[PDB]
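Engineer: Following this message is one structure expressed as structure tokens.
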Amino acid sequence: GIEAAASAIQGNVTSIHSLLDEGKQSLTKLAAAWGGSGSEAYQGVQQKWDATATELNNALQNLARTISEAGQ
Amino acid sequence: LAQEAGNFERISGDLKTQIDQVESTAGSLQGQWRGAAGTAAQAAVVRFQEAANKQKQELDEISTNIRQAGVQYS
Ligand SMILES: [Zn+2]
Ligand SMILES: [Zn+2]
Ligand SMILES: [Zn+2]
Ligand SMILES: [Zn+2]
């Protein structure tokens, strides 16, 4: 039960981590949308992405580990 | 950027899907938390939901930017 959940969520952890990395690489190529690679707006996008992504990964890892710890 | 746009929508879609999976799995546990560890898990949930809502929000802002730049570039 809570063990199941925790295991499914680990898969999510890995998948989402990978997708956030893909999204970061994509942004690199979309840079024109904010004025190009030398744009402060683009730089801002990338810092926001890094931060949002890191929090998500962090929260996710926490979730997986807490959920397993509970079921214990 | 034109072609990168499709790939980003794909990534965004995959992320939202994975996030929906976590929310669904976690939601199926809303009942059953008990003890101090349960309190911890509930808090872990809320933290994830806040992080995931910020991610989703971000994905939408980025997609809008890309669409609006596309129009401009067209
Ligand atoms: Zn992939
Ligand atoms: Zn990574
Ligand atoms: Zn690409
Ligand atoms: Zn997919």
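Quick reminder, even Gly has a Cβ in these numbers, built from the backbone with ideal geometry, and neighbours come from all protein chains shown. Just so it is clear, none of the values below were taken in a lab; they were calculated from the coordinates.
Engineer: What FRET efficiency comes out for A:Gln25 versus B:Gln68 if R0 is 25 angstrom and r is the Cβ-Cβ distance? Round to the nearest 0.05. Let's see the in-between values first.
Structural biologist: Values: r = 22 Å, r/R0 = 0.86.
Efficiency at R0 = 25 Å is approximately 0.70.
Engineer: Which number comes out as Rg/Rh for chain A once both Rg and the Kirkwood Rh are worked out on C-alpha atoms?
Structural biologist: Values: Rg = 16.1 Å, Rh = 13.6 Å.
Rg/Rh for chain A comes to 1.19.
Engineer: Give me the net charge for the shell around A:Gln72: Cβ to Cβ below 15 angstrom, other residues only, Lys and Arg +1, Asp and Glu -1. Kindly include the intermediate steps, with their values, before the conclusion.
Structural biologist: On the way: positive: A:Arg65, B:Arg34; negative: A:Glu3, A:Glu69.
Around A:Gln72, the charge tally is 0.
Engineer: Which values, in whole Å and largest first, are the semi-axes of the equivalent ellipsoid of chain B obtained as the square root of 5 times each eigenvalue of the Cα gyration tensor?
Structural biologist: Values: eigenvalues 258, 24, 9 Å².
Rounded to whole Å, the semi-axes are 36, 11, 7.
Engineer: Quick one: angle between helix B:2-27 and the longest Cα principal axis of chain B, in degrees between 0 and 90, rounded to 10, please.
Structural biologist: The helix B:2-27 is inclined about 10 degrees to chain B.
Engineer: Would you please give the FRET efficiency between B:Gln42 and A:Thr14, computed as 1/(1 + (r/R0)^6) with r the Cβ-Cβ distance and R0 = 22 Å, to the nearest 0.05? Kindly include the intermediate steps, with their values, before the conclusion.
Structural biologist: Numbers: r = 23 Å, r/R0 = 1.06.
That gives a FRET efficiency of 0.40.
Engineer: Could you give the length gained on full extension between B:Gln30 and B:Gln57, defined as 0.36 nm per residue of separation minus the Cα-Cα distance, in nm?
Structural biologist: Values: separation 27, 0.36 × 27 = 9.72 nm, distance 2.42 nm.
Residue separation times 0.36 nm, minus the Cα-Cα distance, leaves 7.3 nm.
Engineer: Using only Cα atoms, find the angle between the long axis of helix A:40-71 and the longest principal axis of chain A, and express it within 0 to 90 degrees, rounded to the nearest 10.
Structural biologist: 0 degrees
Engineer: Any chance you could give the angle, 0 to 90 degrees and rounded to 10, that helix B:35-73 forms with the longest Cα principal axis of chain B?
Structural biologist: Tilt of helix B:35-73: around 10 degrees.
Engineer: Tell me the relative contact order for chain A as a rounded percent, counting alpha carbon contacts under 8 Å between residues six or more apart. Don't jump to the answer; show the numbers that get you there.
Structural biologist: Numbers: 39 pairs, mean separation 40.0, N = 72.
Here the relative contact order equals 56 percent.
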